[PDB]
Amino acid sequence: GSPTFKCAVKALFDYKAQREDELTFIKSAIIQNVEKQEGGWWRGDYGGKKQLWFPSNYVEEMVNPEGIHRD
């Protein structure tokens, strides 16, 4: 995918907000800067917006560790 810095994830399922303090990110989407909130709700950019919301029922801190560095 695209292993980078910051705490990212890899949406396991699909969403459909697109822009509502939540996004329509689809499965495989990789959000950056994350942190559950008020329970099981995560934040982090994913497009022209910056830190909206994604269920802790719809995401997961990349179930695949390991990661290489660029240049």
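Here the Cβ positions follow ideal geometry from the backbone for every residue, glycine too, while neighbour counts run over all protein chains shown. All of the numbers you see were taken from the coordinates with simple rules; none came from a lab.
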Matching residues in region 1-26 - criterion: being over 12 Å from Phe54 (Cα atoms) and not hydrophobic (A, V, I, L, M, F, W, C):
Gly1, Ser2, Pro3, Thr4, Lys6
Collect the residues in region 49-71 that are surrounded by 12 or more Cβ atoms within 10 Å (Cβ to Cβ) and of a type in the set (S, T, N, Q), keeping them in residue-number order.
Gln51, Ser56
I'd like to check something: does region 15-24 contain any residue that is without any contact (Cβ under 8 Å) to a residue 12 or more places away in the chain and of a type in the set (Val, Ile, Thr)?
yes
For residues that are over 13 Å from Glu60 (Cα atoms), of a type in the set (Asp, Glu) and loosely packed, with under 14 Cβ neighbours inside 10 Å, scanning just region 9-48, find the one that is nearest to the chain's Cα centre (by Cα).
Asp21
